[PDB]
Amino acid sequence: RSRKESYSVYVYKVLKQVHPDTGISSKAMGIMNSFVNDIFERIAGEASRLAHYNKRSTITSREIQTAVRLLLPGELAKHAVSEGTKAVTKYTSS
Amino acid sequence: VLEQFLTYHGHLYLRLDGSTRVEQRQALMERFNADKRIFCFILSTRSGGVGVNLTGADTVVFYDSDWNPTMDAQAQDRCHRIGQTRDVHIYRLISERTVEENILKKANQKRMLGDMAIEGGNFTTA
Amino acid sequence: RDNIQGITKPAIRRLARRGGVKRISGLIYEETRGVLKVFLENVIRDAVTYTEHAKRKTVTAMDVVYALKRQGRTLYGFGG
Amino acid sequence: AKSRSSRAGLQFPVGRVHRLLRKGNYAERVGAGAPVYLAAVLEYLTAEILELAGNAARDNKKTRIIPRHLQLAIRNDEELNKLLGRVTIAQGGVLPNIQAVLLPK
Amino acid sequence: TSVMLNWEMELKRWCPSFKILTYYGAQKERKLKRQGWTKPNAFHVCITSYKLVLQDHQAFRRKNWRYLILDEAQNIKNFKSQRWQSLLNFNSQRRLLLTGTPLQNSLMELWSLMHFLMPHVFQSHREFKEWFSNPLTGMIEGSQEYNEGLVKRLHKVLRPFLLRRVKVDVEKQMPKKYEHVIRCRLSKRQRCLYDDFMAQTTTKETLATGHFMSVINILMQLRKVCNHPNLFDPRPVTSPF
Amino acid sequence: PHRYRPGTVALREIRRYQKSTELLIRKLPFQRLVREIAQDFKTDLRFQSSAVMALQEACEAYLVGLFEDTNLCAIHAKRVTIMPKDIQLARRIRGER
Amino acid sequence: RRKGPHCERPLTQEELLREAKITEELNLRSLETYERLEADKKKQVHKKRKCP
DNA sequence: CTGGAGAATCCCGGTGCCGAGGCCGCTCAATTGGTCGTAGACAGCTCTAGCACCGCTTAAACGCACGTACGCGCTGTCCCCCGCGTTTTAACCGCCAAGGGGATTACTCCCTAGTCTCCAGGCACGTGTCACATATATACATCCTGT
DNA sequence: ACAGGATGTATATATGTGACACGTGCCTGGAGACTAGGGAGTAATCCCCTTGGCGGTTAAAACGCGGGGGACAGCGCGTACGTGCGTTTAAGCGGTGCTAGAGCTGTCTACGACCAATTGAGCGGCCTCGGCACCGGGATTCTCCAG
Ligand SMILES: [Mg+2]
């Protein structure tokens, strides 16, 4: 099937790591689904504009990292950058 | 307009609605079932005609008409109770060459249907 | 029609209670109704522009979410 | 054989997050590790928010994250309140706080 | 509602042995009247209205009722009623339905009552009951064919469950009842509006095609104009041109 | 009889409604107001039953947030009580003016 | 630790107690007679009069 | 400060409803494998700024001294919102039975748009300067503030 | 009910640090011929939701009505901020005078797109228990007069 895809399978996979026994209501799961579509578009739009700033025609991981630096308040940005860079580091070795 | 019509004729009455609160319903029924000097009780066929006792009156008038017989039968038998002391006449005002005739015809048809369907000796003897 | 009085004084007082207000002036209900009717008309006007453009006759919740994001006021929970 | 997402030690979808990138007219070239980075960041924010909301609800004697506690987790965090400053979580109400002036005694 | 205080009063008149609770009043009064009603035999017989059991049902469902009694059970015609569901989800060891007429208006009005009464006996649902009763419910105007062949078994099925005495021919100690119908006159202005309305283009169209409720609106506008006309339209002030 | 002093039931209303996340505007009247407002934009525009829900949530949040900024302007003038003067200052600073 | 079972006073009904409780309910019927009789509504007088 | 009533909260334990998750079964879409241009990266190299200094000039920042004007505080006065009980309007059913207005979806198809050329004006950066108006000068007009 | 005493304009003038004009060239529209894919124009399906409204009963508004305690006005006084004056600090407004590093150019892979398969998430679609939701105690907790 297809019709309407969403984040629900990843908001519940990531929730089962932080709190193995905690569930999530359909409304709250929908709210998380919506929230991720916010940050995705925000980071990707700032990254597209960043590519446009240094006149690149590609959004690389460097653009995404600089877009993450521009939005997260310090500690949030300092840990999100580490998450992204570790994921990219570990994905290039496989 | 019945409430207005009866004052034009000076008839002492009281009336019962879906809007009359419960304790007032009981008070009105008592101040008519057990009190004379009131001539007339104006009441709604559903809210007033469903299940309460009124032996203190007769001459039931059906000003309206409805194709569902249940309400009319139920309302008739508000007078025709155990504890009655006079024969109960039941008047029914039908406009001529007007659909009210057909409404009573439909009511009679459904009445006959019920007569057939459930009155066939569902007694304690069987 | 003029049904801006459906937002009644008790409702405005409940919205003030939720907002921490613990005493409300008398002329605060005829103010809040003018403040709320300007905010509604702005978000509805933008939701009807997103609905006319899609050649649709019903203002869907997506139109309201898009028009609310246009104002800056971002709400989470209706598919956007 | 192996989802691109799995090859990062993650739970989030590196594959679909690539398509959403190179379909939304952001640029003309999504790199090998642009979606691998964005997916990681998205999953990170989800981890943070979900943990906070989840045991805020479990602080409320609940075993099911409810949007009320989504709002509580977001509004109590100083970093997530800056991030989601202009976002209204529906059916999340507000935060309990009484101005000292109003309070009696 | 109207008979609530009658069941209380009659109780106190006939059986001054049981303790009675009569459940009516404003939102807070009904909370006050339930204080202590968890306790053993705090109340022996409880009276309440259909209409203020629907929005107070969380309190009643969580109780072991010995007998659940519905007066003028007529009020429970529909299975898709939402107070049929409210009363069905009541823990009751015995159920009793009182009504002057279990049905008059149509068949299938017995199935809701009997399924509420004996769920496991009448567990077979509307598909069975309609395929079973179709000749009888159609006999009036629609499907006839079987011509009251089914009536004997249908009637016999009810006999274990309902007692139906008729208070006219079985007890000759009762004043008589007369159906004194009286036909009523032309009523010139009533009839002017009647024959005008009944002949208008839109009413002709509606009577030709309509999604039920619009034609019921036609004949209910006729309730208006047949009963008295300021229901239909007040007589105009007449003034020189 | 017994009655609370002015300010006792007020803080109780504060506590009750600043803990329970639900709508506070009567549903049907607000849905009627939405149609009134939309009548002057495009005649005969249907509103999905969940579009008015989103509008109502986004309006109640806006009004609650505007009352939280009004109550600060009330306390700025040494006034525990809020009035049109405090809403106006709060909206002035918010850039809504 | 802060438990509240309220298993204390496990009161039960009995046949000897049945007739005693019926007796107090018969007295309650006798009291109901005071509800069955009636009194008046105590209507009120007209408003005070101006005199400038 | 304790009293003593009278209302509110506030967890404990109980009882069903129904959403949240459990699984199953195919559809979409992300992976795999491979050829084909190329994004940008990196290695020079031209050549603007940036930076860093130093002097002379003087506006300006700044400290001080002195009233005046404005700011927290008190209290009294009066009304207008809070609390709470009663009358009124809104608003659910049951009763009444389905059309139809309109999103949701495809299959054709013709029109619009990408792609990818080769020209040719027109937009940039010089250069060649012309000139608004900044700075300067003075009387005219308010525009004060102390008498 | 003034007048020193300041401060604020108003009008005029001039030349020099910025506003326009003119020529060039050369990257970029413009113009043109193919080739999809995209989107439009109908034609079918499935829903939901208005149909007109009515008369019972309820919760929520709405209204009466006391009264109390906060919103303001009045009064005062007691700092404290502007106002002005003398000093001095140090910025500005020009200069000289390196070389760090933009900005560019070129060159050439590693990188991105494509691209046909392939399959395995994933999403929909029912099912079935736990888990919140509401309830009904009784026991701690506040709030309100009362001494
Ligand atoms: Mg009865």
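Below you will find a few notes about this structure.

1. Structural notes on the overall build of chain C
- Scanning chain C from N- to C-terminus turns up 3 helices and 2 strands.
- Each helix (α) and strand (β) of chain C, taken in turn from the N terminus, gives the series α-α-β-α-β.
- Taking 2.2 N^0.38 as the reference for a compact globule, 80 residues should give roughly 12 Å; the C-alpha atoms of chain C span a radius of gyration of 15 Å, well beyond that estimate.
- Its C-alpha atoms put chain C at 45 × 30 × 15 Å along the principal axes.
- A buried classification covers 55% of the 80 residues belonging to chain C.
- Sequence separation of at least 24 residues holds for 32% of the intrachain contacts in chain C that already meet a minimum separation of 6.
- Taken as a whole, chain C presents about 3600 Å² of accessible surface, with 52% of it coming from carbon and sulfur.
- For chain C, the distance from the average site of its 17 positive side-chain charges to the average site of its 7 negative ones is 9 Å.

2. A few points about the protein's contact with DNA strand H
- Around DNA strand H, the surrounding shell holds 53 residues, and the nearest of these are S26 of chain A, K57 of chain C, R4 and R19 of chain D together with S81 of chain E.
- Near the protein, meaning within 4 Å, the atoms of DNA strand H are sugar or phosphate in a fraction of 89%, with bases accounting for the rest.
- Between DNA strand H and the protein, one listed contact pairs a phosphate oxygen with a side-chain N or O atom of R7 of chain D at 3.3 Å.
- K77 of chain E places a side-chain nitrogen or oxygen 2.9 Å from a sugar or linking oxygen of DNA strand H.
- Looking at the surface near DNA strand H, the elements with two or more residues in it are β1 (23-24) of chain A, α1 (14-21) of chain D together with α1 (8-17) and α2 (27-39) of chain F.
- Broken down by element, the surface near DNA strand H gets its largest block of residues, 4 residues, from α1 of chain F.
- Grouping the constituent residues of the surface near DNA strand H by class yields 12 nonpolar, 17 polar and 24 charged.

3. Things to note about the packing of aromatic side chains
- What the rule picks out here adds up to 17 aromatic pairs over all chains.
- Members of the aromatic cluster, each reached through a chain of ring pairs, are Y23, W37, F43, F60, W65 and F90 of chain E.
- Above the ring of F62 of chain B, the side-chain terminus of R92 of chain B is found at 5.0 Å from the ring centroid.
- Directly above the ring of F116 of chain E sits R95 of chain E, whose terminal nitrogen or CZ lies 4.4 Å from the centroid.

4. Re the interface of chain D and chain A
- With 52 residues of chain D at the interface, the matching set in chain A holds 55 residues.
- Connecting chain D to chain A are 1 salt bridge.
- Notably, a salt bridge pairs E5 of chain A with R19 of chain D, separated by 2.7 Å at the nearest N-O pair.
- Applying the counting criterion to the chain D and chain A interface returns 14 residue pairs in polar contact.
- Looking at the side of chain D that touches chain A, the elements that each hand over two or more residues are α1, α2 (34-59), β1 (64-65), α3 (67-76), α4 (78-83) and β2 (87-89) of chain D.
- Looking at the side of chain D that touches chain A, the element that brings in the most residues is α2 of chain D, giving 17 residues.
- Partitioned by chemical class, the residues of the side of chain D that touches chain A number 33 nonpolar, 8 polar and 11 charged.

5. Looking at the arrangement of the chains
- In this assembly chain A lies apart from chain B, the nearest approach of their C-alpha atoms being 41 Å.
- Across the gap from chain D to chain E, with no contact made, the nearest C-alpha atoms are 22 Å apart.

Parameters at a glance
Residues numbered from 1 in each chain as written, not as in the entry; some residues may be left out. Chains lettered and ligands numbered in written order. Part of a larger assembly, values for the part shown. Heavy atoms only, no water. Helix = DSSP H or I, 4+ residues; strand = E, 2+ residues; numbered from the N terminus. Rg over C-alpha atoms; globule rule 2.2 N^0.38 Å. Buried < 20%, exposed > 50% of the residue type's maximum accessible area, 1.4 Å probe, protein only. Contact = heavy atoms within 4.5 Å. Areas by Shrake-Rupley, 256 points an atom, 1.4 Å probe, with all protein chains shown as cover. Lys, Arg positive; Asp, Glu negative; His and termini not counted. Charge placed at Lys NZ, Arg CZ, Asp CG, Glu CD. Near = heavy atom within 4 Å. Polar contact = N/O pair within 3.5 Å; in protein donor to acceptor, adjacent residues only side chain to side chain. Nonpolar A, V, L, I, M, F, W, Y, C, P; charged D, E, K, R; others polar. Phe/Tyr/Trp six-rings, centres within 6.5 Å; stacked < 30°, edge-to-face > 60°. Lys NZ or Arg CZ within 6 Å of the ring centre and 35° of its normal. Salt bridge = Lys/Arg side-chain N within 4 Å of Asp/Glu carboxyl O.

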